[PDB]
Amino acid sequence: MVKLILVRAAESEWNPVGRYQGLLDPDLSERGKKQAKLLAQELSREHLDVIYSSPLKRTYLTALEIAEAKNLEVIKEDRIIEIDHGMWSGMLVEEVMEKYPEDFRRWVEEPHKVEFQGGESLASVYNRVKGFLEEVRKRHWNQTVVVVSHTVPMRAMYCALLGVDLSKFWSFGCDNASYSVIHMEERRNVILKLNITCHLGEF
């Protein structure tokens, strides 16, 4: 099997105020930098074979702490980059709700149908992360793989892994510096642990 460890980036400077980032690239927050160290300590217990990360700072810096703790390299991977939120990028959740209430409603209620104006469709995110996961399954069979990514590609990944409709997108928790443990087996994928944050304690 593949032991797949799916990690969300530690907290960015934009997360606590709820500003959509998409492809935009803020640094980790001070809290985030601490979260990443704690997560790296937590994952140091495991034998790791490979670490993939979205190339954006928040993910890459999180990946780098895990790699440094285990003396591995980080392999950048564009296919697990955050969705292009288009015009939402730079906007607070409250601003989106006020300026684009109907688009916000579609996002919450029927995420699978969304295409961000000036940006990417959720279908597109699903396609790219699924392709990545298929290649990982083949290439890294019988290994432990860490994948450092963001909310939207991660939630799409859970849909692909379970073989469920993209409409189930919101049914998975995805907190900063969390990890999930998936076993990619011969006939199915198994979510053994989802959205673990215990290592963060107070953070």
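Note that residue numbering follows the sequence shown and begins at 1.
Trainee: Could you check the entry and say whether 120-128 or 98-106 has the higher mean CA B-factor?
Mentor: Per the PDB entry, the higher value belongs to 98-106.
Trainee: When the C-alpha temperature factors are averaged for each of 63-71 and 143-151, which stretch ends up with the higher value in the entry?
Mentor: Averaging CA B-factors over each stretch, the winner is 63-71.
Trainee: Is residue 8 in the lowest, middle or highest third of its chain when residues are ranked by C-alpha B-factor?
Mentor: Answer is lowest: the recorded C-alpha B-factor places it there.
Trainee: With respect to C-alpha B-factor, does residue 58 fall in the lowest, middle or highest third of the chain as deposited?
Mentor: It falls in the bottom third of the chain.
Trainee: For residue 87, does the deposited CA B-factor place it in the lowest, middle or highest third of the chain?
Mentor: Middle third.
Trainee: In terms of the chain's CA B-factor thirds, is residue 114 lowest, middle or highest?
Mentor: Highest third - that is where residue 114 ends up once the chain's C-alpha B-factors are sorted.
Trainee: Compared with the other modelled residues in the chain, in which third is the CA B-factor of residue 193?
Mentor: CA B-factor rank for residue 193: lowest third.
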